[PDB]
Every structure is written in structure tokens, then in C-alpha cells.
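Following: one structure in C-alpha cells, then a few remarks.
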Amino acid sequence: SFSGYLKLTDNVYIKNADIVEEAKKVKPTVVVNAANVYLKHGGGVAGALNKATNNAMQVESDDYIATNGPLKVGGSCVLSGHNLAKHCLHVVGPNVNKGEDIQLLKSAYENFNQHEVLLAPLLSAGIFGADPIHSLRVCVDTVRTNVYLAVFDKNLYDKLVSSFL
Ligand SMILES: CCn1cc(NC(=O)c2ccc(F)cc2)cn1
């Protein structure tokens with residue numbers, strides 16, 4: 001199971017880890033992707049997860065978009081986890097670098113509540129432009145299921161833990 005995590009709350013855990021390496025190691029039932037509405041996994045966590053699947057995640061995602069159209073900001077879809085997990089929950093947090101409503105971050109985290117346990121990144125953090133400290137606060141105040149957060153950046157992980165209220 002998950003190892004080396006710091007317990008933040010009853011159900012939220014955090015670790016300084018590369019979510020791809022963490023997924024390959026644990027093979028969780030659900031790995032969360034920091035997706036965009038088009039499921040175009042170009043960079044950040046999405047680009048890294050997709051590259052780990054040898055682009056199979058992108059091929060599957062393009063078929064999903066061709067059939068269903070884009071996701072909503074704050075929405076999600078469950079697709080295959082490929083070699084990383086049983087499932088990948090593609091969750092679209094608001095991208096503040098695209099002027100998207102940061103209030104949609106709570107709606108984005110609500111998708112995690114449909115899964116009993118998840119391996120996840122901080123939504124809207126990194127290249128999505130939101131403050132990761134704010135993302136962690138929304139996560140702990142929204143998610144009620146067991147979430148294991150992987151924070152790639154050591155310095156950010158330390159800042160998140162040391163400032164956690
Ligand atoms: C650790 C590497 N890294 C940190 C960030 N983000 C921030 O720290 C931040 C802080 C305040 C903001 F208003 C927006 C973003 C993205 N990558």
C-alpha cells in the first residue's frame with residue numbers, strides 16, 4: 001500500500017514524490033490526473049502520466065473526447081489507469097493562467113469523493129497557476145475519501161507541510 005506519507009488529517013496524506021513513480025510503485029486503484037477539458041496531456045502531471053503510459057493515455061483520451069466532447073472545468077471522467085493504476089480519474093481544476101474561476105477548485109476536488117482511495121496531485125497547482133497552499137486547504141476541506149497527495153517539488157512539499165494549519 002502507500003508508504004512514507006505524512007498524515008495531515010483523518011483522510012488526507014502527503015508525500016514528496018513523483019506521482020508517476022508513486023503510481024508505478026503502488027499501482028493504486030485510482031490515480032488522479034491534473035487534466036484539462038480537452039484531455040490534451042501535454043505537460044505538468046498530465047504530460048508526465050501520459051508519457052509513462054507510452055501515449056496510451058492520450059490515445060484513449062482522444063477517443064473519449066471524440067465521443068463525448070470536452071469536460072467541464074471542475075469536472076472529471078474515469079478512464080483506464082494503463083500501467084499506472086486500475087483507473088485514472090482525469091480531473092479538471094481551474095487554470096488561473098487561462099483566467100478560470102478559482103472557486104471551481106472545490107468542485108474539482110468533489111470528484112475525489114466518488115472514490116474511496118486515490119493517489120493524487122494538488123489540483124490547479126504547478127502549471128495551472130493556483131497557489132498550492134490554497135489547493136491543499138481546499139483539498140482537506142472538500143475531500144472526505146482517503147487521498148494520498150504526491151508533491152513533486154521538495155521545497156514546495158516542505159512549505160506545504162510547515163504552513164499546514
Ligand atoms: C514548487 C514549484 N512551483 C510552485 C508553484 N506555485 C506557487 O508556488 C504559487 C504561489 C502563489 C501563487 F499565487 C501561484 C503559484 C508552481 N510550481
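Every chain in the C-alpha cells takes a letter, A first, then B, and so on in the order presented; its residues are numbered from 1, and the ligands are numbered from 1 following the presented order.
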
Original post:
Got a sec: who's within 8 Å of residue 164 in chain A, counting only C-alpha atoms, leaving out chain neighbours fewer than 2 positions off, as number ranges by chain?
Top reply: A: 8, 133, 160-162

Original post:
Which residues sit within 10 Å of ligand 1, counting only C-alpha atoms and all ligand atoms, listed as a PyMOL selection string?
Top reply: chain A and resi 44+96-97+124-134+151-160

Subject >> Per-residue DSSP, range 123-153 of chain A, filtered to strand (DSSP E or B), as a count of residues only >> reply: 6

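Counting only C-alpha atoms and comparing A:150, A:163, A:120, A:27, the residue that lies closest to residue 6 in chain A is A:150.
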
Original post:
Could you pull the residues within 10 Å of residue 142 in chain A, counting only C-alpha atoms, minus those fewer than 5 positions along the same chain, as a PyMOL selection string?
Top reply: chain A and resi 105-113+136-137

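Distances here use only C-alpha atoms; by that measure, the residue among A:72, A:7, A:115, A:82 closest to residue 143 in chain A is A:115.
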
Original post:
Tell me, which residues of chain A carry DSSP alpha helix (DSSP H), written as a count of residues only?
Top reply: 58

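The spacing separating CA of residue 25 in chain A from CA of residue 65 in chain A amounts to 29.1 Å.
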
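By chain and then residue number, the residues within 10 Å of range 9-12 of chain A are residues 5, 6, 7, 14, 117, 136, 139, 140, 141, 143, 144, 145, 146, 147, 148 and 149 of chain A, counting only C-alpha atoms and disregarding those fewer than 2 positions away in sequence.
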
**OP:** Give me the residues within 9 Å of residue 64 in chain A as a count of residues only, counting only C-alpha atoms and dropping any in the same chain fewer than 6 places off.
**Re:** 3
